[PDB]
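Engineer: Just so it is clear, I am handing over data_36.pdb, which has PDB, C-alpha atoms (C1' of nucleotides).
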ATOM      1  CA  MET A   1      22.516 -76.621 -12.427  1.00  0.00           C
ATOM      2  CA  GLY A   2      21.520 -75.347 -15.841  1.00  0.00           C
ATOM      3  CA  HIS A   3      19.725 -72.271 -17.008  1.00  0.00           C
ATOM      4  CA  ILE A   4      17.066 -71.089 -19.423  1.00  0.00           C
ATOM      5  CA  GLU A   5      17.660 -67.969 -21.508  1.00  0.00           C
ATOM      6  CA  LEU A   6      14.231 -66.384 -21.176  1.00  0.00           C
ATOM      7  CA  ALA A   7      13.782 -64.578 -24.492  1.00  0.00           C
ATOM      8  CA  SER A   8      11.781 -61.897 -22.730  1.00  0.00           C
ATOM      9  CA  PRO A   9      12.773 -60.546 -19.323  1.00  0.00           C
ATOM     10  CA  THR A  10      10.403 -61.818 -16.687  1.00  0.00           C
ATOM     11  CA  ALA A  11       9.494 -60.552 -13.239  1.00  0.00           C
ATOM     12  CA  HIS A  12      10.126 -62.614 -10.129  1.00  0.00           C
ATOM     13  CA  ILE A  13       6.771 -63.079  -8.457  1.00  0.00           C
ATOM     14  CA  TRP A  14       8.225 -63.155  -4.923  1.00  0.00           C
ATOM     15  CA  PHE A  15       9.535 -59.613  -5.162  1.00  0.00           C
ATOM     16  CA  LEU A  16       6.292 -58.546  -6.866  1.00  0.00           C
ATOM     17  CA  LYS A  17       3.696 -59.938  -4.437  1.00  0.00           C
ATOM     18  CA  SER A  18       5.294 -60.503  -1.050  1.00  0.00           C
ATOM     19  CA  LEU A  19       2.973 -57.943   0.697  1.00  0.00           C
ATOM     20  CA  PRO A  20       4.418 -55.407   0.668  1.00  0.00           C
ATOM     21  CA  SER A  21       5.763 -55.390  -2.855  1.00  0.00           C
ATOM     22  CA  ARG A  22       9.475 -54.811  -3.131  1.00  0.00           C
ATOM     23  CA  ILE A  23       9.155 -53.504  -6.676  1.00  0.00           C
ATOM     24  CA  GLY A  24       6.060 -51.627  -5.470  1.00  0.00           C
ATOM     25  CA  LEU A  25       7.653 -49.519  -2.759  1.00  0.00           C
ATOM     26  CA  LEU A  26      10.956 -49.510  -4.584  1.00  0.00           C
ATOM     27  CA  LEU A  27       9.507 -47.659  -7.587  1.00  0.00           C
ATOM     28  CA  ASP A  28       6.851 -45.657  -5.673  1.00  0.00           C
ATOM     29  CA  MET A  29       4.261 -47.212  -7.918  1.00  0.00           C
ATOM     30  CA  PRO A  30       1.167 -49.122  -6.759  1.00  0.00           C
ATOM     31  CA  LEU A  31       1.003 -52.897  -6.982  1.00  0.00           C
ATOM     32  CA  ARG A  32      -2.101 -52.760  -9.161  1.00  0.00           C
ATOM     33  CA  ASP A  33      -0.495 -50.566 -11.801  1.00  0.00           C
ATOM     34  CA  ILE A  34       2.675 -52.672 -11.795  1.00  0.00           C
ATOM     35  CA  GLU A  35       0.535 -55.749 -12.396  1.00  0.00           C
ATOM     36  CA  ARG A  36      -1.164 -53.805 -15.186  1.00  0.00           C
ATOM     37  CA  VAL A  37       2.205 -52.934 -16.754  1.00  0.00           C
ATOM     38  CA  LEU A  38       3.579 -56.472 -16.436  1.00  0.00           C
ATOM     39  CA  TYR A  39       0.497 -58.221 -17.820  1.00  0.00           C
ATOM     40  CA  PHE A  40       0.458 -56.081 -20.958  1.00  0.00           C
ATOM     41  CA  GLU A  41      -2.704 -53.997 -20.534  1.00  0.00           C
ATOM     42  CA  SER A  42      -1.101 -50.624 -19.829  1.00  0.00           C
ATOM     43  CA  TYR A  43       2.077 -48.803 -20.665  1.00  0.00           C
ATOM     44  CA  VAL A  44       4.424 -46.936 -18.380  1.00  0.00           C
ATOM     45  CA  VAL A  45       6.690 -44.201 -19.658  1.00  0.00           C
ATOM     46  CA  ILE A  46      10.475 -44.310 -19.358  1.00  0.00           C
ATOM     47  CA  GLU A  47      12.214 -40.940 -19.947  1.00  0.00           C
ATOM     48  CA  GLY A  48       9.290 -38.891 -21.228  1.00  0.00           C
ATOM     49  CA  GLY A  49      11.666 -36.133 -22.273  1.00  0.00           C
ATOM     50  CA  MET A  50      10.175 -32.967 -23.747  1.00  0.00           C
TER      51      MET A  50
ATOM     52  CA  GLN B   1     -17.935 -56.342 -36.318  1.00  0.00           C
ATOM     53  CA  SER B   2     -14.468 -55.919 -34.887  1.00  0.00           C
ATOM     54  CA  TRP B   3     -11.541 -58.309 -35.026  1.00  0.00           C
ATOM     55  CA  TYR B   4     -10.670 -60.527 -32.059  1.00  0.00           C
ATOM     56  CA  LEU B   5      -7.947 -63.109 -31.469  1.00  0.00           C
ATOM     57  CA  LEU B   6      -8.522 -66.677 -30.302  1.00  0.00           C
ATOM     58  CA  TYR B   7      -5.963 -69.060 -28.873  1.00  0.00           C
ATOM     59  CA  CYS B   8      -7.198 -72.477 -29.966  1.00  0.00           C
ATOM     60  CA  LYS B   9      -6.517 -75.827 -28.348  1.00  0.00           C
ATOM     61  CA  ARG B  10      -3.212 -77.384 -29.351  1.00  0.00           C
ATOM     62  CA  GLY B  11      -3.583 -79.144 -32.658  1.00  0.00           C
ATOM     63  CA  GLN B  12      -7.269 -78.346 -33.177  1.00  0.00           C
ATOM     64  CA  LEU B  13      -7.127 -75.222 -35.341  1.00  0.00           C
ATOM     65  CA  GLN B  14      -8.761 -77.064 -38.247  1.00  0.00           C
ATOM     66  CA  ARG B  15     -11.723 -78.185 -36.138  1.00  0.00           C
ATOM     67  CA  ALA B  16     -12.061 -74.771 -34.489  1.00  0.00           C
ATOM     68  CA  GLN B  17     -12.012 -73.084 -37.881  1.00  0.00           C
ATOM     69  CA  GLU B  18     -14.535 -75.629 -39.201  1.00  0.00           C
ATOM     70  CA  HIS B  19     -17.059 -74.907 -36.441  1.00  0.00           C
ATOM     71  CA  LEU B  20     -16.495 -71.158 -36.759  1.00  0.00           C
ATOM     72  CA  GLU B  21     -17.095 -71.514 -40.501  1.00  0.00           C
ATOM     73  CA  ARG B  22     -20.418 -73.218 -39.793  1.00  0.00           C
ATOM     74  CA  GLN B  23     -21.161 -70.157 -37.743  1.00  0.00           C
ATOM     75  CA  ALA B  24     -21.029 -66.799 -39.502  1.00  0.00           C
ATOM     76  CA  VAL B  25     -17.648 -65.853 -38.015  1.00  0.00           C
ATOM     77  CA  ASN B  26     -14.719 -64.887 -40.240  1.00  0.00           C
ATOM     78  CA  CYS B  27     -11.487 -66.775 -39.630  1.00  0.00           C
ATOM     79  CA  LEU B  28      -7.992 -65.700 -40.612  1.00  0.00           C
ATOM     80  CA  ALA B  29      -4.739 -67.632 -40.174  1.00  0.00           C
ATOM     81  CA  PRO B  30      -1.703 -67.467 -42.498  1.00  0.00           C
ATOM     82  CA  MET B  31      -0.523 -70.735 -43.995  1.00  0.00           C
ATOM     83  CA  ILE B  32       3.229 -70.940 -44.569  1.00  0.00           C
ATOM     84  CA  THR B  33       4.777 -72.798 -47.498  1.00  0.00           C
ATOM     85  CA  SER B  34       1.126 -76.950 -44.941  1.00  0.00           C
ATOM     86  CA  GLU B  35       1.371 -75.816 -41.290  1.00  0.00           C
ATOM     87  CA  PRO B  36       0.118 -72.400 -40.133  1.00  0.00           C
ATOM     88  CA  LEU B  37       2.639 -69.588 -39.960  1.00  0.00           C
ATOM     89  CA  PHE B  38       1.581 -68.823 -36.416  1.00  0.00           C
ATOM     90  CA  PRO B  39       0.770 -71.363 -33.720  1.00  0.00           C
ATOM     91  CA  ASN B  40      -2.766 -72.041 -32.425  1.00  0.00           C
ATOM     92  CA  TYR B  41      -3.633 -68.306 -32.678  1.00  0.00           C
ATOM     93  CA  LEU B  42      -6.457 -67.435 -35.055  1.00  0.00           C
ATOM     94  CA  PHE B  43      -8.198 -64.193 -35.992  1.00  0.00           C
ATOM     95  CA  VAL B  44     -11.988 -64.033 -35.841  1.00  0.00           C
ATOM     96  CA  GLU B  45     -14.334 -61.328 -37.037  1.00  0.00           C
ATOM     97  CA  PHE B  46     -17.807 -60.994 -35.565  1.00  0.00           C
ATOM     98  CA  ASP B  47     -19.990 -58.589 -33.612  1.00  0.00           C
ATOM     99  CA  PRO B  48     -20.788 -59.245 -29.917  1.00  0.00           C
ATOM    100  CA  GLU B  49     -24.460 -58.397 -30.498  1.00  0.00           C
ATOM    101  CA  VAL B  50     -24.842 -60.821 -33.424  1.00  0.00           C
ATOM    102  CA  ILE B  51     -22.835 -63.713 -31.946  1.00  0.00           C
ATOM    103  CA  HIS B  52     -21.773 -63.351 -28.341  1.00  0.00           C
ATOM    104  CA  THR B  53     -18.228 -63.883 -27.072  1.00  0.00           C
ATOM    105  CA  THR B  54     -19.404 -66.581 -24.651  1.00  0.00           C
ATOM    106  CA  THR B  55     -20.746 -68.564 -27.615  1.00  0.00           C
ATOM    107  CA  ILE B  56     -17.394 -68.008 -29.345  1.00  0.00           C
ATOM    108  CA  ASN B  57     -15.549 -69.121 -26.203  1.00  0.00           C
ATOM    109  CA  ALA B  58     -17.697 -72.265 -25.968  1.00  0.00           C
ATOM    110  CA  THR B  59     -16.931 -73.336 -29.544  1.00  0.00           C
ATOM    111  CA  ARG B  60     -15.407 -76.745 -30.283  1.00  0.00           C
ATOM    112  CA  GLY B  61     -11.683 -76.095 -30.591  1.00  0.00           C
ATOM    113  CA  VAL B  62     -11.377 -72.608 -29.060  1.00  0.00           C
ATOM    114  CA  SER B  63      -9.461 -72.460 -25.801  1.00  0.00           C
ATOM    115  CA  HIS B  64      -9.716 -68.777 -24.927  1.00  0.00           C
ATOM    116  CA  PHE B  65      -9.621 -65.180 -26.045  1.00  0.00           C
ATOM    117  CA  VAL B  66      -6.502 -63.092 -25.969  1.00  0.00           C
ATOM    118  CA  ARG B  67      -7.812 -60.965 -23.134  1.00  0.00           C
ATOM    119  CA  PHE B  68      -5.033 -58.927 -21.366  1.00  0.00           C
ATOM    120  CA  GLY B  69      -7.598 -57.851 -18.771  1.00  0.00           C
ATOM    121  CA  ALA B  70     -11.358 -57.898 -18.419  1.00  0.00           C
ATOM    122  CA  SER B  71     -12.476 -57.456 -22.003  1.00  0.00           C
ATOM    123  CA  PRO B  72     -11.008 -59.385 -24.956  1.00  0.00           C
ATOM    124  CA  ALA B  73      -8.462 -57.598 -27.091  1.00  0.00           C
ATOM    125  CA  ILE B  74      -9.567 -55.625 -30.120  1.00  0.00           C
ATOM    126  CA  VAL B  75      -6.845 -55.902 -32.729  1.00  0.00           C
ATOM    127  CA  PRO B  76      -6.737 -52.879 -35.059  1.00  0.00           C
ATOM    128  CA  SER B  77      -7.623 -53.088 -38.717  1.00  0.00           C
ATOM    129  CA  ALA B  78      -4.112 -52.112 -39.837  1.00  0.00           C
ATOM    130  CA  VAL B  79      -2.818 -55.401 -38.398  1.00  0.00           C
ATOM    131  CA  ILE B  80      -5.587 -57.419 -40.083  1.00  0.00           C
ATOM    132  CA  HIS B  81      -4.805 -55.577 -43.300  1.00  0.00           C
ATOM    133  CA  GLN B  82      -1.084 -56.300 -42.935  1.00  0.00           C
ATOM    134  CA  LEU B  83      -1.648 -60.014 -42.602  1.00  0.00           C
ATOM    135  CA  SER B  84      -2.477 -59.892 -46.328  1.00  0.00           C
ATOM    136  CA  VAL B  85       1.035 -61.016 -47.206  1.00  0.00           C
TER     137      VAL B  85
ATOM    138  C1'  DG C   1       0.812 -95.082 -33.622  1.00  0.00           C
ATOM    139  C1'  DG C   2       1.884 -89.727 -30.614  1.00  0.00           C
ATOM    140  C1'  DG C   3       2.971 -84.946 -27.835  1.00  0.00           C
ATOM    141  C1'  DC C   4       1.262 -83.019 -24.784  1.00  0.00           C
ATOM    142  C1'  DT C   5      -1.838 -81.238 -21.967  1.00  0.00           C
ATOM    143  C1'  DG C   6      -5.012 -78.826 -18.861  1.00  0.00           C
ATOM    144  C1'  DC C   7     -12.696 -78.539 -19.007  1.00  0.00           C
ATOM    145  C1'  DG C   8     -15.364 -79.451 -22.454  1.00  0.00           C
ATOM    146  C1'  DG C   9     -18.208 -76.513 -24.588  1.00  0.00           C
ATOM    147  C1'  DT C  10     -21.275 -73.752 -29.302  1.00  0.00           C
ATOM    148  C1'  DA C  11     -21.864 -72.800 -20.444  1.00  0.00           C
ATOM    149  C1'  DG C  12     -20.732 -72.822 -15.949  1.00  0.00           C
ATOM    150  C1'  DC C  13     -18.681 -75.219 -12.708  1.00  0.00           C
ATOM    151  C1'  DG C  14     -18.026 -72.807  -7.487  1.00  0.00           C
ATOM    152  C1'  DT C  15     -21.707 -72.474  -2.495  1.00  0.00           C
ATOM    153  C1'  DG C  16     -20.345 -76.057   5.383  1.00  0.00           C
ATOM    154  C1'  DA C  17     -14.055 -72.233   8.621  1.00  0.00           C
ATOM    155  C1'  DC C  18     -12.324 -68.849  11.547  1.00  0.00           C
ATOM    156  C1'  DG C  19      -9.235 -65.411  13.323  1.00  0.00           C
ATOM    157  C1'  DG C  20      -5.404 -61.758  13.068  1.00  0.00           C
ATOM    158  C1'  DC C  21      -3.059 -58.328  10.915  1.00  0.00           C
ATOM    159  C1'  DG C  22      -1.531 -55.176   7.650  1.00  0.00           C
ATOM    160  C1'  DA C  23      -2.035 -52.824   3.381  1.00  0.00           C
ATOM    161  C1'  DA C  24      -5.474 -50.753  -0.015  1.00  0.00           C
ATOM    162  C1'  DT C  25      -8.845 -47.972  -0.391  1.00  0.00           C
ATOM    163  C1'  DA C  26     -13.565 -45.597   0.553  1.00  0.00           C
ATOM    164  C1'  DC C  27     -16.120 -41.635   2.862  1.00  0.00           C
ATOM    165  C1'  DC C  28     -15.965 -37.649   4.827  1.00  0.00           C
ATOM    166  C1'  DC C  29     -13.820 -33.819   5.903  1.00  0.00           C
TER     167       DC C  29
ATOM    168  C1'  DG D   1      -5.243 -33.464   1.563  1.00  0.00           C
ATOM    169  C1'  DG D   2      -5.337 -36.764   5.315  1.00  0.00           C
ATOM    170  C1'  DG D   3      -8.086 -39.072   9.176  1.00  0.00           C
ATOM    171  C1'  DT D   4     -10.774 -42.523  10.525  1.00  0.00           C
ATOM    172  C1'  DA D   5     -12.708 -46.859   9.132  1.00  0.00           C
ATOM    173  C1'  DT D   6     -14.160 -50.437   6.326  1.00  0.00           C
ATOM    174  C1'  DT D   7     -12.725 -54.181   3.053  1.00  0.00           C
ATOM    175  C1'  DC D   8      -9.495 -57.194   0.980  1.00  0.00           C
ATOM    176  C1'  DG D   9      -6.355 -60.817   1.109  1.00  0.00           C
ATOM    177  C1'  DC D  10      -2.664 -63.002   2.724  1.00  0.00           C
ATOM    178  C1'  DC D  11      -0.937 -65.884   6.924  1.00  0.00           C
ATOM    179  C1'  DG D  12      -1.906 -69.892  10.235  1.00  0.00           C
ATOM    180  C1'  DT D  13      -4.709 -74.238  12.085  1.00  0.00           C
ATOM    181  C1'  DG D  14      -0.573 -81.246  16.967  1.00  0.00           C
ATOM    182  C1'  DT D  15       2.675 -85.591  17.069  1.00  0.00           C
ATOM    183  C1'  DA D  16       4.103 -90.501  15.770  1.00  0.00           C
ATOM    184  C1'  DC D  17       2.511 -94.928  13.388  1.00  0.00           C
ATOM    185  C1'  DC D  18      -0.617 -98.678  10.756  1.00  0.00           C
ATOM    186  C1'  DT D  19      -3.781-100.425   6.635  1.00  0.00           C
ATOM    187  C1'  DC D  20      -6.158-100.034   1.728  1.00  0.00           C
ATOM    188  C1'  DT D  21      -6.995 -98.313  -3.256  1.00  0.00           C
ATOM    189  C1'  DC D  22      -5.494 -95.330  -7.205  1.00  0.00           C
ATOM    190  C1'  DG D  23      -2.546 -92.025  -9.992  1.00  0.00           C
ATOM    191  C1'  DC D  24      -4.078 -89.353 -17.677  1.00  0.00           C
ATOM    192  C1'  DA D  25      -7.849 -89.769 -21.380  1.00  0.00           C
ATOM    193  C1'  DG D  26      -8.216 -87.516 -25.398  1.00  0.00           C
ATOM    194  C1'  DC D  27      -6.869 -87.624 -29.576  1.00  0.00           C
ATOM    195  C1'  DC D  28      -7.090 -85.022 -33.576  1.00  0.00           C
ATOM    196  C1'  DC D  29      -3.070 -85.214 -35.062  1.00  0.00           C
TER     197       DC D  29
ATOM    198  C1'   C E   1       8.691 -95.506  -2.949  1.00  0.00           C
ATOM    199  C1'   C E   2       6.397 -89.575  -4.799  1.00  0.00           C
ATOM    200  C1'   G E   3       1.405 -87.673  -4.469  1.00  0.00           C
ATOM    201  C1'   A E   4      -3.885 -87.955  -3.352  1.00  0.00           C
ATOM    202  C1'   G E   5      -8.238 -90.215  -1.201  1.00  0.00           C
ATOM    203  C1'   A E   6     -10.501 -93.358   2.781  1.00  0.00           C
ATOM    204  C1'   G E   7     -10.122 -95.667   7.502  1.00  0.00           C
ATOM    205  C1'   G E   8      -7.783 -96.741  12.207  1.00  0.00           C
ATOM    206  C1'   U E   9      -4.280 -96.731  16.912  1.00  0.00           C
ATOM    207  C1'   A E  10      -2.165 -93.512  20.880  1.00  0.00           C
TER     208        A E  10
END
When written as structure tokens, how does the structure in this file appear?
Structural biologist:
Amino acid sequence: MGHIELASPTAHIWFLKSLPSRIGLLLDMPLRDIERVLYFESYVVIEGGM
Amino acid sequence: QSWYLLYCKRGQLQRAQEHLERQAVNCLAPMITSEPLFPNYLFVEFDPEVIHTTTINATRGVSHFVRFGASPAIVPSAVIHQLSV
DNA sequence: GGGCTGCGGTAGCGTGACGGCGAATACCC
DNA sequence: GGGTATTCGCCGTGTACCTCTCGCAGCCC
RNA sequence: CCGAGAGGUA
């Protein structure tokens, strides 16, 4: 086998949309808002801080 | 009149820009030196009441809008200013 | 001659399966 | 706030074999 | 010798 260095990280669609979502009920975050974060129309915060 | 992005068909940016120049739509694409600096992306300026986005989408040489969702993306005027290299 | 590529257009095409089940969500507390 | 209850959207829909045609045009780079 | 479409046998 070979591999492709994907220059951006990329979500596996099986663990995103298997019904139920594994990333969905792993993050406690709805599948719609995860698809809105992944497809570049909304942001999600990481370590909001003060 | 706010700035939109258009992904053109592959290798038809000249024809897409020609038809959008026959319409009253501003085009913007940096030429590097002569091939464009970007790929098939192109920046248009219009107003959706003057010329509608469906008429822009049905232009010879325009594949689609950069959408990200329902509505096509507004790019801010600081970006369009900072393509004046 | 050629790379590549998803329609060809200054829109709209789609349109005659049906059920089960589970999550997502709406309406009403 | 959570309890019904509707809607959405994914699943699935027999076996084996035989024959035939037809399978990229556009194309502006 | 892979896919699709049409037809047929049981």
Engineer: So which residues get picked by the PyMOL selection byres ((chain A) within 8 of (chain B)) here, written as a list in words?
Structural biologist: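 Selection result, ordered by chain and number: residues 39, 40 and 41 of chain A.
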Engineer: Apply the PyMOL selection byres ((chain D) within 12 of (chain A)) to the displayed file and report the matching residues as a list in words.
Structural biologist: residues 9, 10 and 11 of chain D
Engineer: As a check of understanding, name the residues that the PyMOL selection byres ((chain A) within 12 of (chain C)) selects in the supplied structure, as a ChimeraX atom specification.
Structural biologist: /A:18-21,25,30-32
Engineer: Taking every listed atom of range 64-73 of chain B and adding 5 Å to each side, what centre and edge lengths in Å (one decimal) does the axis-aligned box have, as lines of an AutoDock Vina configuration file?
Structural biologist:
center_x = -8.8
center_y = -63.1
center_z = -22.8
size_x = 17.4
size_y = 21.3
size_z = 18.7
Engineer: Expressed in Å to a single decimal, how great is the separation between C1' of residue 2 in chain D and CA of residue 26 in chain A?
Structural biologist: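 The value is 22.9 Å.
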Engineer: Within 8 Å of (-4.7, -88.8, -9.1) (coordinates as in the file), grab all the protein and nucleic acid residues, counting all atoms listed in the file, and write them out as an MDAnalysis selection string.
Structural biologist: (chainID D and resid 22:23) or (chainID E and resid 3:4)
Engineer: Compute the chain D side of the contact with chain B at 12 Å, counting only C-alpha atoms (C1' of nucleotides), and hand it back as an MDAnalysis selection string.
Structural biologist: chainID D and resid 26:29
Engineer: Quick one: distance from CA of residue 59 in chain B to CA of residue 1 in chain B in Å, one decimal?
Structural biologist: 18.3 Å
Engineer: Kindly determine which residues of chain B lie within 12 Å of chain C, considering all atoms listed in the file, and give the answer as a list in words.
Structural biologist: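 Listing them in order of chain and number gives residues 9, 10, 11, 16, 19, 20, 22, 23, 51, 52, 53, 54, 55, 56, 57, 58, 59, 60, 61, 62, 63 and 64 of chain B.
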Engineer: Need to verify the contact set: residue 10 in chain A, 12 Å, only C-alpha atoms (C1' of nucleotides), exclusion of same-chain residues closer than 5 positions in sequence. Can you return it as a list in words?
Structural biologist: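 Here the answer would be residues 4, 5, 15, 16, 38 and 39 of chain A.
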Engineer: Export C-alpha atoms of the chosen residues as a PDB file, keeping the file's coordinate frame?
Structural biologist:
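Here's the written file again-v4.pdb:
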ATOM      1  CA  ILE A   4      17.066 -71.089 -19.423  1.00  0.00           C
ATOM      2  CA  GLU A   5      17.660 -67.969 -21.508  1.00  0.00           C
ATOM      3  CA  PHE A  15       9.535 -59.613  -5.162  1.00  0.00           C
ATOM      4  CA  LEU A  16       6.292 -58.546  -6.866  1.00  0.00           C
ATOM      5  CA  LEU A  38       3.579 -56.472 -16.436  1.00  0.00           C
ATOM      6  CA  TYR A  39       0.497 -58.221 -17.820  1.00  0.00           C
TER       7      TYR A  39
END
Engineer: Between CA of residue 7 in chain B and CA of residue 43 in chain B, what is the distance, to one decimal in Å?
Structural biologist: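 Between CA of residue 7 in chain B and CA of residue 43 in chain B the gap is 8.9 Å.
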Engineer: Report as a VMD selection string all protein, DNA and RNA residues lying within 6 Å of residue 6 in chain B, evaluated on all atoms listed in the file, omitting residues in the same chain fewer than 5 positions from it.
Structural biologist: chain B and resid 41 to 42 64 to 66
